[PDB]
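Participant: Got work_39.cif for you, mmCIF, C-alpha atoms:
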data_query
#
loop_
_atom_site.group_PDB
_atom_site.id
_atom_site.type_symbol
_atom_site.label_atom_id
_atom_site.label_comp_id
_atom_site.auth_asym_id
_atom_site.auth_seq_id
_atom_site.Cartn_x
_atom_site.Cartn_y
_atom_site.Cartn_z
ATOM 1 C CA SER A 1 18.983 97.038 -69.251
ATOM 2 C CA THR A 2 18.203 97.717 -65.616
ATOM 3 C CA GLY A 3 16.200 100.131 -63.485
ATOM 4 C CA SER A 4 16.409 101.255 -59.859
ATOM 5 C CA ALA A 5 13.883 103.455 -58.046
ATOM 6 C CA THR A 6 13.392 104.509 -54.460
ATOM 7 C CA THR A 7 10.103 103.645 -52.781
ATOM 8 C CA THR A 8 8.874 105.813 -49.887
ATOM 9 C CA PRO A 9 6.272 105.188 -47.163
ATOM 10 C CA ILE A 10 3.173 107.361 -47.558
ATOM 11 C CA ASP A 11 2.883 108.013 -43.829
ATOM 12 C CA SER A 12 4.457 107.349 -40.413
ATOM 13 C CA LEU A 13 2.932 103.850 -40.189
ATOM 14 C CA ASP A 14 4.141 102.498 -43.558
ATOM 15 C CA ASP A 15 0.523 102.079 -44.665
ATOM 16 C CA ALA A 16 1.775 101.834 -48.260
ATOM 17 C CA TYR A 17 4.788 102.797 -50.366
ATOM 18 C CA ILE A 18 4.964 105.085 -53.391
ATOM 19 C CA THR A 19 7.500 105.007 -56.221
ATOM 20 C CA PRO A 20 7.889 107.730 -58.851
ATOM 21 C CA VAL A 21 7.058 106.654 -62.431
ATOM 22 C CA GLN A 22 7.566 108.670 -65.617
ATOM 23 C CA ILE A 23 4.680 108.442 -68.125
ATOM 24 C CA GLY A 24 4.505 110.036 -71.556
ATOM 25 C CA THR A 25 6.454 112.611 -73.540
ATOM 26 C CA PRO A 26 7.387 114.994 -72.046
ATOM 27 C CA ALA A 27 7.463 112.961 -68.852
ATOM 28 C CA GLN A 28 4.594 113.223 -66.394
ATOM 29 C CA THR A 29 5.783 111.859 -63.046
ATOM 30 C CA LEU A 30 3.171 110.098 -60.923
ATOM 31 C CA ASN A 31 3.725 108.366 -57.584
ATOM 32 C CA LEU A 32 2.424 104.811 -57.924
ATOM 33 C CA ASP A 33 1.827 101.982 -55.460
ATOM 34 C CA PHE A 34 3.846 99.000 -56.756
ATOM 35 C CA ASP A 35 1.633 95.966 -56.146
ATOM 36 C CA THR A 36 2.912 92.401 -56.577
ATOM 37 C CA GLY A 37 -0.656 91.214 -55.870
ATOM 38 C CA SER A 38 -2.268 92.713 -58.996
ATOM 39 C CA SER A 39 -1.502 93.220 -62.672
ATOM 40 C CA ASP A 40 -2.950 96.543 -63.836
ATOM 41 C CA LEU A 41 -1.028 99.803 -64.221
ATOM 42 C CA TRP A 42 -3.710 102.426 -63.654
ATOM 43 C CA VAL A 43 -3.569 106.132 -62.937
ATOM 44 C CA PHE A 44 -5.614 109.086 -61.847
ATOM 45 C CA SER A 45 -6.072 111.091 -65.017
ATOM 46 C CA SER A 46 -7.690 114.027 -66.774
ATOM 47 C CA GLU A 47 -10.581 111.592 -67.375
ATOM 48 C CA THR A 48 -11.218 110.832 -63.694
ATOM 49 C CA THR A 49 -14.566 112.073 -62.369
ATOM 50 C CA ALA A 50 -13.678 115.447 -60.869
ATOM 51 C CA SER A 51 -15.398 114.864 -57.496
ATOM 52 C CA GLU A 52 -13.280 111.727 -57.066
ATOM 53 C CA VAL A 53 -9.952 113.566 -57.360
ATOM 54 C CA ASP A 54 -8.614 115.122 -54.128
ATOM 55 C CA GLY A 55 -4.966 116.115 -54.316
ATOM 56 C CA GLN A 56 -3.588 113.379 -56.581
ATOM 57 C CA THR A 57 -1.331 114.133 -59.522
ATOM 58 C CA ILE A 58 -3.100 113.223 -62.776
ATOM 59 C CA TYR A 59 -1.907 111.833 -66.109
ATOM 60 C CA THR A 60 -3.191 113.885 -69.055
ATOM 61 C CA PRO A 61 -2.789 111.800 -72.218
ATOM 62 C CA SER A 62 -3.608 114.710 -74.542
ATOM 63 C CA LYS A 63 -0.374 116.397 -73.360
ATOM 64 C CA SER A 64 1.757 113.369 -74.243
ATOM 65 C CA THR A 65 2.996 113.139 -77.825
ATOM 66 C CA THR A 66 3.500 109.379 -77.472
ATOM 67 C CA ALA A 67 0.058 108.557 -75.997
ATOM 68 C CA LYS A 68 -2.363 106.589 -78.134
ATOM 69 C CA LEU A 69 -5.904 105.547 -77.237
ATOM 70 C CA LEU A 70 -6.190 101.762 -77.199
ATOM 71 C CA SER A 71 -9.451 101.803 -79.100
ATOM 72 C CA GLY A 72 -12.324 99.907 -77.497
ATOM 73 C CA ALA A 73 -10.380 98.760 -74.437
ATOM 74 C CA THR A 74 -11.805 99.122 -70.932
ATOM 75 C CA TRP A 75 -10.764 97.910 -67.484
ATOM 76 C CA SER A 76 -12.324 97.393 -64.082
ATOM 77 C CA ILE A 77 -10.699 96.041 -60.957
ATOM 78 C CA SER A 78 -11.714 95.252 -57.393
ATOM 79 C CA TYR A 79 -9.094 94.706 -54.717
ATOM 80 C CA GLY A 80 -9.113 92.454 -51.668
ATOM 81 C CA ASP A 81 -9.593 95.418 -49.343
ATOM 82 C CA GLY A 82 -12.829 96.332 -51.112
ATOM 83 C CA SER A 83 -11.510 99.272 -53.113
ATOM 84 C CA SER A 84 -12.062 99.558 -56.875
ATOM 85 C CA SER A 85 -11.454 101.583 -60.036
ATOM 86 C CA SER A 86 -12.265 101.455 -63.765
ATOM 87 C CA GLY A 87 -11.809 103.320 -67.023
ATOM 88 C CA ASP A 88 -10.290 103.181 -70.499
ATOM 89 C CA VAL A 89 -6.780 102.568 -71.833
ATOM 90 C CA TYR A 90 -3.893 104.331 -73.548
ATOM 91 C CA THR A 91 -0.518 103.039 -74.615
ATOM 92 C CA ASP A 92 2.430 105.285 -73.792
ATOM 93 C CA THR A 93 6.078 105.285 -72.793
ATOM 94 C CA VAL A 94 6.643 104.384 -69.117
ATOM 95 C CA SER A 95 9.962 104.572 -67.264
ATOM 96 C CA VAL A 96 10.843 103.372 -63.774
ATOM 97 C CA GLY A 97 14.210 104.236 -62.315
ATOM 98 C CA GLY A 98 15.809 104.603 -65.738
ATOM 99 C CA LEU A 99 14.202 101.514 -67.321
ATOM 100 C CA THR A 100 11.916 102.401 -70.241
ATOM 101 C CA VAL A 101 9.059 100.445 -71.814
ATOM 102 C CA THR A 102 7.417 101.736 -74.963
ATOM 103 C CA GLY A 103 3.814 100.793 -75.733
ATOM 104 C CA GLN A 104 2.901 100.113 -72.102
ATOM 105 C CA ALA A 105 -0.820 99.907 -71.362
ATOM 106 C CA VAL A 106 -1.623 102.825 -69.060
ATOM 107 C CA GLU A 107 -5.116 102.376 -67.687
ATOM 108 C CA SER A 108 -6.815 105.742 -67.213
ATOM 109 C CA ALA A 109 -9.338 105.907 -64.374
ATOM 110 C CA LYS A 110 -12.773 107.316 -65.099
ATOM 111 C CA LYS A 111 -13.986 106.188 -61.651
ATOM 112 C CA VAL A 112 -12.228 105.372 -58.368
ATOM 113 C CA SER A 113 -13.686 104.270 -55.021
ATOM 114 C CA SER A 114 -13.606 106.520 -51.974
ATOM 115 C CA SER A 115 -10.529 104.846 -50.456
ATOM 116 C CA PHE A 116 -8.479 106.004 -53.439
ATOM 117 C CA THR A 117 -9.938 109.526 -53.483
ATOM 118 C CA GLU A 118 -9.204 109.932 -49.791
ATOM 119 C CA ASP A 119 -5.547 108.978 -50.194
ATOM 120 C CA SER A 120 -3.941 112.057 -51.723
ATOM 121 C CA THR A 121 -0.479 110.467 -51.808
ATOM 122 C CA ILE A 122 -1.219 107.586 -54.235
ATOM 123 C CA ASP A 123 -1.611 108.546 -57.901
ATOM 124 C CA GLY A 124 -2.334 104.995 -59.076
ATOM 125 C CA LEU A 125 -1.054 101.415 -58.993
ATOM 126 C CA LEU A 126 1.617 99.543 -60.917
ATOM 127 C CA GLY A 127 0.848 95.830 -60.886
ATOM 128 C CA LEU A 128 3.661 93.287 -60.708
ATOM 129 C CA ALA A 129 1.756 89.983 -60.424
ATOM 130 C CA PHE A 130 1.348 87.780 -63.507
ATOM 131 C CA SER A 131 -0.262 89.273 -66.611
ATOM 132 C CA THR A 132 -2.986 86.588 -66.561
ATOM 133 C CA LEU A 133 -4.691 88.752 -63.873
ATOM 134 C CA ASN A 134 -4.749 91.910 -65.999
ATOM 135 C CA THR A 135 -8.325 93.204 -66.326
ATOM 136 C CA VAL A 136 -8.200 94.959 -69.713
ATOM 137 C CA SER A 137 -10.956 93.814 -72.077
ATOM 138 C CA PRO A 138 -11.330 92.651 -74.795
ATOM 139 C CA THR A 139 -7.554 92.372 -75.232
ATOM 140 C CA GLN A 140 -5.668 91.573 -72.014
ATOM 141 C CA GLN A 141 -2.508 93.642 -71.490
ATOM 142 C CA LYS A 142 0.951 92.900 -70.098
ATOM 143 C CA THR A 143 2.481 94.294 -66.915
ATOM 144 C CA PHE A 144 5.428 96.674 -66.954
ATOM 145 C CA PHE A 145 7.701 93.829 -65.824
ATOM 146 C CA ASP A 146 6.397 91.448 -68.474
ATOM 147 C CA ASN A 147 7.020 94.062 -71.181
ATOM 148 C CA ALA A 148 10.522 94.873 -69.864
ATOM 149 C CA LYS A 149 11.600 91.308 -69.165
ATOM 150 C CA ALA A 150 13.311 90.372 -72.433
ATOM 151 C CA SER A 151 15.399 93.552 -72.344
ATOM 152 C CA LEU A 152 16.539 93.134 -68.735
ATOM 153 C CA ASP A 153 20.025 91.870 -67.893
ATOM 154 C CA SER A 154 18.275 89.186 -65.796
ATOM 155 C CA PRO A 155 14.498 88.523 -65.753
ATOM 156 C CA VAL A 156 14.011 89.609 -62.142
ATOM 157 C CA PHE A 157 12.913 92.445 -59.929
ATOM 158 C CA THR A 158 13.615 92.944 -56.235
ATOM 159 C CA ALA A 159 11.711 94.586 -53.380
ATOM 160 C CA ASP A 160 13.672 96.069 -50.484
ATOM 161 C CA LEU A 161 11.079 97.882 -48.388
ATOM 162 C CA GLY A 162 12.097 99.993 -45.415
ATOM 163 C CA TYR A 163 10.735 100.085 -41.881
ATOM 164 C CA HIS A 164 9.647 103.698 -41.329
ATOM 165 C CA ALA A 165 12.180 104.595 -44.066
ATOM 166 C CA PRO A 166 12.615 104.561 -47.838
ATOM 167 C CA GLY A 167 13.644 101.446 -49.739
ATOM 168 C CA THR A 168 14.261 100.277 -53.277
ATOM 169 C CA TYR A 169 12.735 98.477 -56.252
ATOM 170 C CA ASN A 170 15.333 97.168 -58.709
ATOM 171 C CA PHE A 171 14.664 95.690 -62.140
ATOM 172 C CA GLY A 172 17.042 93.399 -63.981
ATOM 173 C CA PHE A 173 19.737 92.808 -61.337
ATOM 174 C CA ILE A 174 20.337 91.643 -57.780
ATOM 175 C CA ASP A 175 22.193 94.174 -55.597
ATOM 176 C CA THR A 176 24.482 91.901 -53.594
ATOM 177 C CA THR A 177 25.268 94.762 -51.172
ATOM 178 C CA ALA A 178 21.604 95.082 -50.119
ATOM 179 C CA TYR A 179 21.318 91.941 -47.946
ATOM 180 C CA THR A 180 23.264 89.865 -45.435
ATOM 181 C CA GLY A 181 24.054 86.170 -45.744
ATOM 182 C CA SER A 182 22.558 84.224 -48.642
ATOM 183 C CA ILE A 183 19.294 84.408 -50.596
ATOM 184 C CA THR A 184 17.071 81.337 -50.079
ATOM 185 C CA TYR A 185 14.958 80.574 -53.124
ATOM 186 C CA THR A 186 11.615 78.801 -52.894
ATOM 187 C CA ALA A 187 9.086 77.482 -55.431
ATOM 188 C CA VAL A 188 6.249 79.589 -56.835
ATOM 189 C CA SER A 189 2.843 78.567 -58.156
ATOM 190 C CA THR A 190 1.445 80.910 -60.799
ATOM 191 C CA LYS A 191 -1.871 79.034 -61.059
ATOM 192 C CA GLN A 192 -3.853 81.854 -59.417
ATOM 193 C CA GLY A 193 -1.769 84.626 -61.063
ATOM 194 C CA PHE A 194 0.073 85.532 -57.862
ATOM 195 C CA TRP A 195 3.585 85.108 -56.471
ATOM 196 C CA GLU A 196 2.286 82.197 -54.395
ATOM 197 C CA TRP A 197 4.687 80.184 -52.263
ATOM 198 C CA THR A 198 4.759 77.970 -49.148
ATOM 199 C CA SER A 199 6.431 79.092 -45.932
ATOM 200 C CA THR A 200 7.907 76.279 -43.836
ATOM 201 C CA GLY A 201 6.642 77.535 -40.466
ATOM 202 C CA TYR A 202 6.889 80.164 -37.770
ATOM 203 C CA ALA A 203 8.061 81.171 -34.314
ATOM 204 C CA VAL A 204 6.788 83.754 -31.825
ATOM 205 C CA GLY A 205 9.453 85.758 -30.039
ATOM 206 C CA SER A 206 12.149 83.489 -28.623
ATOM 207 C CA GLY A 207 9.849 80.465 -28.809
ATOM 208 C CA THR A 208 10.522 77.227 -30.610
ATOM 209 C CA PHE A 209 9.987 77.051 -34.363
ATOM 210 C CA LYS A 210 6.823 75.278 -35.503
ATOM 211 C CA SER A 211 7.299 73.397 -38.753
ATOM 212 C CA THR A 212 4.113 73.733 -40.770
ATOM 213 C CA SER A 213 3.327 74.587 -44.406
ATOM 214 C CA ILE A 214 1.702 77.983 -44.883
ATOM 215 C CA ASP A 215 0.683 78.730 -48.485
ATOM 216 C CA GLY A 216 0.420 82.438 -49.222
ATOM 217 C CA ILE A 217 1.221 85.285 -51.596
ATOM 218 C CA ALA A 218 4.056 87.832 -51.564
ATOM 219 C CA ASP A 219 2.058 91.049 -51.875
ATOM 220 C CA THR A 220 3.760 94.454 -51.710
ATOM 221 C CA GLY A 221 0.367 96.165 -52.098
ATOM 222 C CA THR A 222 -1.010 94.770 -48.828
ATOM 223 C CA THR A 223 0.046 96.553 -45.615
ATOM 224 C CA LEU A 224 -0.220 93.764 -43.060
ATOM 225 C CA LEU A 225 0.664 90.093 -42.561
ATOM 226 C CA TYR A 226 -2.445 87.888 -42.823
ATOM 227 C CA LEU A 227 -2.018 84.317 -41.560
ATOM 228 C CA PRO A 228 -4.207 81.421 -40.352
ATOM 229 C CA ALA A 229 -6.194 82.073 -37.172
ATOM 230 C CA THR A 230 -4.233 79.437 -35.269
ATOM 231 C CA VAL A 231 -0.916 81.186 -35.971
ATOM 232 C CA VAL A 232 -2.280 84.647 -35.236
ATOM 233 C CA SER A 233 -3.852 83.532 -31.938
ATOM 234 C CA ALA A 234 -0.505 82.004 -30.899
ATOM 235 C CA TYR A 235 1.233 85.330 -31.598
ATOM 236 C CA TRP A 236 -1.202 87.604 -29.743
ATOM 237 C CA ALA A 237 -1.436 85.231 -26.779
ATOM 238 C CA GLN A 238 2.110 86.428 -25.943
ATOM 239 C CA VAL A 239 0.954 90.048 -25.569
ATOM 240 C CA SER A 240 -0.826 90.810 -22.281
ATOM 241 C CA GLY A 241 -4.210 92.373 -22.892
ATOM 242 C CA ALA A 242 -4.288 91.722 -26.646
ATOM 243 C CA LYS A 243 -7.652 90.665 -28.043
ATOM 244 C CA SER A 244 -9.615 90.410 -31.257
ATOM 245 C CA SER A 245 -12.220 93.101 -31.590
ATOM 246 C CA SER A 246 -15.075 92.660 -34.032
ATOM 247 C CA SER A 247 -15.845 96.371 -33.690
ATOM 248 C CA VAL A 248 -12.322 97.440 -34.635
ATOM 249 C CA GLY A 249 -11.846 94.707 -37.241
ATOM 250 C CA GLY A 250 -9.088 92.562 -35.816
ATOM 251 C CA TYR A 251 -6.506 92.211 -33.106
ATOM 252 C CA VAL A 252 -5.675 95.189 -30.938
ATOM 253 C CA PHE A 253 -3.228 95.451 -28.067
ATOM 254 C CA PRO A 254 -2.398 97.872 -25.242
ATOM 255 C CA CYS A 255 -0.175 100.644 -26.535
ATOM 256 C CA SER A 256 1.966 100.112 -23.403
ATOM 257 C CA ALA A 257 3.045 96.652 -24.635
ATOM 258 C CA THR A 258 6.389 95.525 -25.929
ATOM 259 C CA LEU A 259 5.645 93.324 -28.923
ATOM 260 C CA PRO A 260 7.493 90.052 -29.542
ATOM 261 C CA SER A 261 9.150 89.343 -32.872
ATOM 262 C CA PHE A 262 7.625 86.934 -35.405
ATOM 263 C CA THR A 263 9.760 84.541 -37.466
ATOM 264 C CA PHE A 264 8.679 82.915 -40.719
ATOM 265 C CA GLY A 265 10.414 80.087 -42.555
ATOM 266 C CA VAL A 266 11.707 80.130 -46.120
ATOM 267 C CA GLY A 267 12.972 76.599 -46.707
ATOM 268 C CA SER A 268 15.547 76.005 -43.970
ATOM 269 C CA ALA A 269 16.095 79.770 -43.595
ATOM 270 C CA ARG A 270 14.354 82.130 -41.188
ATOM 271 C CA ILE A 271 13.210 85.744 -41.580
ATOM 272 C CA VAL A 272 12.705 87.655 -38.317
ATOM 273 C CA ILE A 273 10.116 90.428 -38.167
ATOM 274 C CA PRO A 274 11.012 92.679 -35.210
ATOM 275 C CA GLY A 275 8.160 93.402 -32.789
ATOM 276 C CA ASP A 276 8.119 97.118 -33.633
ATOM 277 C CA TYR A 277 7.186 96.261 -37.259
ATOM 278 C CA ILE A 278 3.919 94.792 -35.915
ATOM 279 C CA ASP A 279 2.793 98.069 -34.233
ATOM 280 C CA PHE A 280 0.292 100.079 -36.321
ATOM 281 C CA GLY A 281 -0.427 102.630 -33.634
ATOM 282 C CA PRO A 282 -3.554 103.901 -31.895
ATOM 283 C CA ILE A 283 -6.810 102.722 -33.473
ATOM 284 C CA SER A 284 -7.994 106.339 -33.343
ATOM 285 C CA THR A 285 -6.144 109.507 -32.301
ATOM 286 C CA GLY A 286 -5.496 109.505 -28.551
ATOM 287 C CA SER A 287 -6.536 105.892 -27.992
ATOM 288 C CA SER A 288 -4.464 103.564 -25.801
ATOM 289 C CA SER A 289 -5.579 100.621 -27.933
ATOM 290 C CA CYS A 290 -3.153 99.937 -30.781
ATOM 291 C CA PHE A 291 -3.805 98.041 -34.038
ATOM 292 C CA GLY A 292 -1.849 94.863 -34.715
ATOM 293 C CA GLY A 293 0.217 94.214 -37.825
ATOM 294 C CA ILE A 294 -0.448 90.451 -37.822
ATOM 295 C CA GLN A 295 -4.086 89.609 -38.510
ATOM 296 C CA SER A 296 -6.165 86.567 -39.377
ATOM 297 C CA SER A 297 -6.622 85.579 -43.026
ATOM 298 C CA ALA A 298 -9.805 83.665 -42.158
ATOM 299 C CA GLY A 299 -12.435 84.729 -44.656
ATOM 300 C CA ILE A 300 -9.918 86.398 -46.997
ATOM 301 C CA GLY A 301 -9.464 82.984 -48.528
ATOM 302 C CA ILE A 302 -5.698 83.316 -48.809
ATOM 303 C CA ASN A 303 -2.710 84.032 -46.597
ATOM 304 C CA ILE A 304 -0.898 87.265 -47.462
ATOM 305 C CA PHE A 305 2.752 88.052 -46.811
ATOM 306 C CA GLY A 306 2.245 91.804 -47.014
ATOM 307 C CA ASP A 307 4.576 94.681 -46.191
ATOM 308 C CA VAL A 308 4.944 93.778 -42.493
ATOM 309 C CA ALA A 309 6.651 90.548 -43.598
ATOM 310 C CA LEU A 310 8.346 91.720 -46.784
ATOM 311 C CA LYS A 311 10.011 94.765 -45.241
ATOM 312 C CA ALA A 312 11.972 92.430 -42.930
ATOM 313 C CA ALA A 313 13.636 90.900 -46.019
ATOM 314 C CA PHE A 314 15.342 91.518 -49.323
ATOM 315 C CA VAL A 315 12.947 89.807 -51.745
ATOM 316 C CA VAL A 316 13.720 88.535 -55.248
ATOM 317 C CA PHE A 317 10.839 88.080 -57.699
ATOM 318 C CA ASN A 318 12.450 85.786 -60.266
ATOM 319 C CA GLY A 319 10.508 85.812 -63.539
ATOM 320 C CA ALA A 320 12.503 83.141 -65.328
ATOM 321 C CA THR A 321 10.613 80.522 -67.364
ATOM 322 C CA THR A 322 9.894 78.768 -64.069
ATOM 323 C CA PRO A 323 9.394 81.623 -61.601
ATOM 324 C CA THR A 324 10.748 81.488 -58.038
ATOM 325 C CA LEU A 325 10.924 83.764 -54.984
ATOM 326 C CA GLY A 326 14.049 84.539 -52.988
ATOM 327 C CA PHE A 327 14.349 85.879 -49.438
ATOM 328 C CA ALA A 328 17.402 87.175 -47.587
ATOM 329 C CA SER A 329 17.846 88.875 -44.219
ATOM 330 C CA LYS A 330 19.195 92.429 -44.324
#
Using structure tokens, write down the structure from this file.
Facilitator:
Amino acid sequence: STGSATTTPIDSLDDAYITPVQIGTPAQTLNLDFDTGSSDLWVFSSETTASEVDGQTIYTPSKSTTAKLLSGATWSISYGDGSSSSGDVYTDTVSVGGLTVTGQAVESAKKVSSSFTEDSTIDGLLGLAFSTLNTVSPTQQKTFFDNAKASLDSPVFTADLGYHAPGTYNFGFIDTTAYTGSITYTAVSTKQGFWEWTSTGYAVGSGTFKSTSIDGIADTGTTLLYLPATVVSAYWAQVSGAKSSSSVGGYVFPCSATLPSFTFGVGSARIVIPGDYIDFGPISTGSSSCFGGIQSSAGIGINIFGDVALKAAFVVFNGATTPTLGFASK
């Protein structure tokens, strides 16, 4: 089997991407944030504290003839950006882009943090990291991909995120029309439960390539590119007037600037992030200070190849017995 679904930015800055997912019988379609940095599929629901729902579409398990309470199971998750959610668990039928899993754990939120409430466009998350990170207790549950894997034509999914435009998540096949040149595959460590890999270096604009190992995770659920302070300082030093602002929470730059590109290495291959991808717009409405899309990972504890990086590439998440990651230009 295979599946193919379009993923759409939630706003004009590509702050996140939503993908429609069918849950239950008859189908209830919710727009979920596909997140390769976590492993829970959770949804706003009829059980979510009413004051914490503000415009989201909810899953109502009592209206699904295939929903079953997973008796005794609870979940609770906290994300790197400080947001959180928790609740109980149902199993139900879940379909993405024509690919159907029966008996999928659908985690129903009883509580969500304010960041989730305030984002009316995101109805929940669909985790695509390794199932060892799943938070369901006392019986850990499998991700959608893990459940689908044996049925797929090939045990893979791909992320093809757009810049200020829709893109695609495919399951079970590689669309050879979706990228240019060849796909360069690179090793993955699953020891922390993430799609963790090692970039071979970077360049700023038309500058020379610096060969250096940068360990980090491929994370579709993180907006920006978080890299070591040395790398980030080297990038912003090429933008006149750019500076790190404690008050704002990172690097900002004059909105009058033209941003240089940023290149990252994948083995001997190179992925170029155009400068415009690094512009996240005025820090507040009307400001001439703009927020940067490359930020320091210092004090996150990990480097994160988030959407800023991933949207410059066609990315293969290969879930074979020994997982790997593939990157192609597009």
Participant: Could you pull the residues within 9 Å of residue 3 of chain A, counting only C-alpha atoms, minus those fewer than 3 positions along the same chain, as number ranges by chain?
Facilitator: A: 95-100, 152, 169-173
Participant: Identify, on the basis of all atoms listed in the file, every residue whose closest approach to residue 255 of chain A does not exceed 7 Å; exclude the query and any residue fewer than 2 positions from it along the same chain; express the result as a PyMOL selection string.
Facilitator: chain A and resi 253+257+288-290
Participant: Taking the file as shown, what set of residues would the PyMOL selection byres ((chain A and resi 293) around 7) give back, as a PDB file with C-alpha atoms, in the frame of the given file?
Facilitator:
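Writing the result to result.pdb gives the following:
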ATOM      1  CA  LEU A 224      -0.220  93.764 -43.060  1.00  0.00           C
ATOM      2  CA  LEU A 225       0.664  90.093 -42.561  1.00  0.00           C
ATOM      3  CA  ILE A 278       3.919  94.792 -35.915  1.00  0.00           C
ATOM      4  CA  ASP A 279       2.793  98.069 -34.233  1.00  0.00           C
ATOM      5  CA  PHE A 280       0.292 100.079 -36.321  1.00  0.00           C
ATOM      6  CA  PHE A 291      -3.805  98.041 -34.038  1.00  0.00           C
ATOM      7  CA  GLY A 292      -1.849  94.863 -34.715  1.00  0.00           C
ATOM      8  CA  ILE A 294      -0.448  90.451 -37.822  1.00  0.00           C
ATOM      9  CA  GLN A 295      -4.086  89.609 -38.510  1.00  0.00           C
ATOM     10  CA  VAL A 308       4.944  93.778 -42.493  1.00  0.00           C
TER      11      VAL A 308
END
Participant: Please measure the separation of atom CA of residue 168 of chain A and atom CA of residue 5 of chain A, giving the value in Å to one decimal.
Facilitator: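 Atom CA of residue 168 of chain A sits 5.7 Å away from atom CA of residue 5 of chain A.
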Participant: For the atom pair atom CA of residue 205 of chain A and atom CA of residue 260 of chain A, what is the interatomic distance in Å to one decimal place?
Facilitator: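 According to the coordinates, atom CA of residue 205 of chain A and atom CA of residue 260 of chain A are separated by 4.7 Å.
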Participant: Name the residues in contact with residue 148 of chain A at a cut-off of 10 Å, using all atoms listed in the file, excluding same-chain residues fewer than 3 positions from it; report them as a PyMOL selection string.
Facilitator: chain A and resi 1-2+99-102+104+142-145+151-152+155-156+171-172
Participant: Hey, which of A:47, A:215, A:175, A:54 ends up closest to residue 123 of chain A? Count all atoms listed in the file.
Facilitator: A:54
Participant: When distances are computed from only C-alpha atoms, which of A:236, A:90, A:185, A:179 shows the smallest separation from residue 330 of chain A?
Facilitator: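 Among the listed residues, the smallest separation from residue 330 of chain A belongs to A:179.
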Participant: Enumerate, as a ChimeraX atom specification, the residues matched when the PyMOL selection byres ((chain A and resi 112-121) around 10) is run on the file above.
Facilitator: /A:9-11,16-18,30-33,43-44,48-49,51-57,76-78,81-87,109-111,122-124
Participant: To test your reading of the syntax: which residues would the PyMOL selection byres ((chain A and resi 181) around 8) return for the file shown? Reply as a ChimeraX atom specification.
Facilitator: /A:179-180,182-183,328-329
Participant: Have a look at A:245, A:222, A:22, A:132 and name the one nearest to residue 307 of chain A; count all atoms listed in the file.
Facilitator: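 Checking each of A:245, A:222, A:22, A:132 against residue 307 of chain A, counting all atoms listed in the file, the winner is A:222.
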Participant: With 3 Å added on each side, what axis-aligned box encloses every listed atom of segment 258-262 of chain A? Give the centre and edge lengths in Å to one decimal, as AutoDock Vina command-line options.
Facilitator:
--center_x 7.4 --center_y 91.2 --center_z -30.7 --size_x 9.5 --size_y 14.6 --size_z 15.5
Participant: Between atom CA of residue 281 of chain A and atom CA of residue 166 of chain A, what distance in Å does the model show, to one decimal?
Facilitator: 19.4 Å
Participant: Which residues come within 6 Å of segment 265-271 of chain A, counting all atoms listed in the file, excluding same-chain residues fewer than 2 positions away, as a PyMOL selection string?
Facilitator: chain A and resi 199-202+263
Participant: Of the candidates A:221, A:207, A:228, A:241, which one gets nearest to residue 161 of chain A if we count only C-alpha atoms?
Facilitator: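 For residue 161 of chain A, the nearest of the candidates is A:221.
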Participant: Just checking: using only C-alpha atoms, which residue out of A:218, A:89, A:300, A:238 ends up closest to residue 61 of chain A?
Facilitator: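 Looking only at the distances to residue 61 of chain A, the closest residue turns out to be A:89.
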Participant: When you count all atoms listed in the file, which of these residues is closest to residue 213 of chain A: A:303, A:235, A:160, A:147?
Facilitator: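 Ranked by minimum distance to residue 213 of chain A, first place goes to A:303.
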